[PDB]
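Asker: what would the 3D arrangement of this be:
(2 chains, ligands or ions: 2)
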There are 2 protein chains.
Amino acid sequence: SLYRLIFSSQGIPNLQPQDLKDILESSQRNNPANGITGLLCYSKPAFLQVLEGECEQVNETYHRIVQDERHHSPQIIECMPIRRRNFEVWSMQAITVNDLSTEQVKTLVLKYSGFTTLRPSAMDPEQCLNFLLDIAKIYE
Amino acid sequence: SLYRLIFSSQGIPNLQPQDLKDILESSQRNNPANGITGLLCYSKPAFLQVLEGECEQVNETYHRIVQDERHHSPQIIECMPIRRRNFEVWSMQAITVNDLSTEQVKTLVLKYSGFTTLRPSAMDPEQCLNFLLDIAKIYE
Ligand SMILES: Cc1cc2nc3c(=O)[nH]c(=O)nc-3n(C[C@H](O)[C@H](O)[C@H](O)COP(=O)(O)O)c2cc1C
Ligand SMILES: Cc1cc2nc3c(=O)[nH]c(=O)nc-3n(C[C@H](O)[C@H](O)[C@H](O)COP(=O)(O)O)c2cc1C
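Answerer: Numbering: from 1, shown residues only, chains lettered A, B, ... in the order given. Ligands and ions are numbered 1, 2, ... in the order given. Next up is the structure itself:
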């Protein structure tokens, strides 16, 4: 009943600043409640993110996520029953990747991937989550 | 880059043999090119799909299956990269299970479940793997 879901996506080519905080209000009004927790990451245009919570919640959310007019082509990287939550999960939070490339952050991309750019496309699930973890560290 | 995805959904109140013949002619047609192979399985109401391939046309197919309406509310029990394929024989293989099924199949259902009717959300990843495994193991 306690799952972890990983997957990445592609943000519609015309997405604006005022759209993402609206993705936030959502994640911060729709998750805490659901014992949905974890971390969402943006690197124009690449998306990554892990979900953790009740299996049925994890799912209730992901499939609700997929129809959003705001991006296309989502790749589940992992969905698996887990032993314990990793993010103490103050919230399903969001980080924009700058890109801004870089100050100690580009490094985190030769490490878990190759080039300086966020291609969740090279990542294996472990290098996938390993990364979502390392970034949050140096950040609150 | 290989990956395996296992999921189960709820059929609509009225799927007929005619309505079951239609999901398959679409996966021995699409999936061959699509590169999709696996067992599907159907004990009214639920289907219980296993799908095998690389990460892209997996999601491609699934997210498409979920766009389907013949069922509703899919759930991912497990997605992640594998060693080797287990369902390579059929580009898909439908297999109806029902209380009318042979007294044999009825008991393979019981070997992994707490009740005699196929119930996915009460079965862990291993249980479904082997069920589907042992159940294709015995279907030409
Ligand atoms: C990358 C991305 C991640 C999102 N994550 C969530 C989420 O975790 N929870 C959520 O409720 N909405 C999330 N959304 C937004 C939903 O698609 C949608 O806005 C939300 O379900 C609407 O909720 P509302 O009924 O409160 O307005 C996300 C959107 C994007 C683009
Ligand atoms: C439970 C279930 C599983 C399905 N699995 C597949 C599948 O593996 N591959 C596929 O192409 N269609 C699958 N479908 C049906 C697709 O939603 C749809 O029939 C297909 O994308 C249409 O293909 P067509 O345009 O060639 O007719 C499934 C449908 C259901 C209800």
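Asker: can you give me phi and psi for residue A:77?
Answerer: With angles defined as degrees, to the nearest 10, residue A:77 sits at phi -100, psi -30.
Asker: correct me, but it touches residue A:125?
Answerer: Yes - counting by C-beta atoms under 8 Å, residue A:77 touches residue A:125, with 4.9 Å between them. Any C-beta I mention is one placed from the backbone N, CA and C, and that applies to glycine too.
Asker: more neighbours: those two, which one.
Answerer: Each of residue A:77 and residue A:125 has its neighbours counted (other C-beta atoms under 10 Å in any protein chain shown); residue A:77 has more, 25 against 21.
Asker: would you mind measuring from that one to residue A:83?
Answerer: From residue A:77 across to residue A:83, the span is 19 Å (C-beta to C-beta, to the nearest Å).
Asker: residue A:22 now?
Answerer: The value you get for residue A:22 to residue A:83, if C-beta to C-beta is used, is 34 Å.
Asker: if I've got this straight, residue A:3 is in a strand?
Answerer: Yes - counting by DSSP: H, G, I helix; E, B strand; the rest coil, residue A:3 falls inside a strand.
Asker: may I see the buried residues of the helix or strand where residue A:76 lies?
Answerer: In the assignment (DSSP states H and E), residue A:76 maps to strand A:71-81. Neighbour-count burial for strand A:71-81 flags A:71, A:74, A:75, A:76, A:77, A:78, A:79 (criterion: 16 or more other C-beta atoms under 10 Å in any protein chain shown).
Asker: check whether that strand contacts ligand 1.
Answerer: Yes - legend: contact between strand A:71-81 and ligand 1 by C-beta under 6 Å from any ligand atom is shown at residue A:71.
Asker: repeat for stretch A:94-110
Answerer: No - Stretch A:94-110 lies apart from ligand 1 when judged by C-beta under 6 Å from any ligand atom; the minimum separation is 7.6 Å.
Asker: from start to finish, how long is that stretch in a straight line?
Answerer: Start to finish, the residues bounding stretch A:94-110 are 22 Å apart (C-alpha to C-alpha, to the nearest Å).
Asker: now do the shared contacts for residue A:77 and residue A:125.
Answerer: A:6, B:80 (C-beta atoms under 8 Å, 6 or more residues apart in numbering or on different chains).
Asker: so which residue of chain A comes closest to ligand 1?
Answerer: Here the residue of chain A nearest ligand 1 is residue A:30; by C-beta to the nearest ligand atom that distance is 2.7 Å.
Asker: that residue: what's it in contact with?
Answerer: By C-beta under 8 Å, 6+ apart, the contact list for residue A:30 reads A:36, A:61.
Asker: and the residue nearest the centre of chain A, what element?
Answerer: Among the residues of chain A, the one closest to the centroid is residue A:49, at 1.6 Å (C-alpha atoms, centre = their mean). In the assignment (DSSP H and E), residue A:49 maps to strand A:46-54.
Asker: strand partners (parallel or antiparallel) of that strand?
Answerer: Paired strands of strand A:46-54, with direction, are strand A:2-11 (antiparallel), strand A:37-43 (antiparallel) (DSSP bridges).
Asker: ok, is the shortest one in contact with ligand 1 or not?
Answerer: By that I understand strand A:37-43. Yes - contact of strand A:37-43 with ligand 1 (C-beta under 6 Å from any ligand atom) involves residue A:40.
Asker: what residues does chain A have near ligand 1?
Answerer: Residues of chain A lying near ligand 1 (C-beta under 6 Å from any ligand atom): A:23, A:26-27, A:29-31, A:40, A:47, A:61, A:64-65, A:68, A:70-71, A:92.
Asker: rerun at 8 Å
Answerer: A:9, A:11, A:20, A:22-23, A:25-27, A:29-31, A:36, A:40, A:42, A:47, A:49, A:51, A:61, A:64-65, A:67-68, A:70-71, A:92, A:94 (C-beta under 8 Å from any ligand atom).
Asker: from those, list the buried ones, please.
Answerer: Members of these classed as buried by 16+ other C-beta under 10 Å are A:9, A:11, A:20, A:23, A:27, A:31, A:36, A:40, A:42, A:47, A:49, A:51, A:61, A:65, A:71, A:92, A:94.
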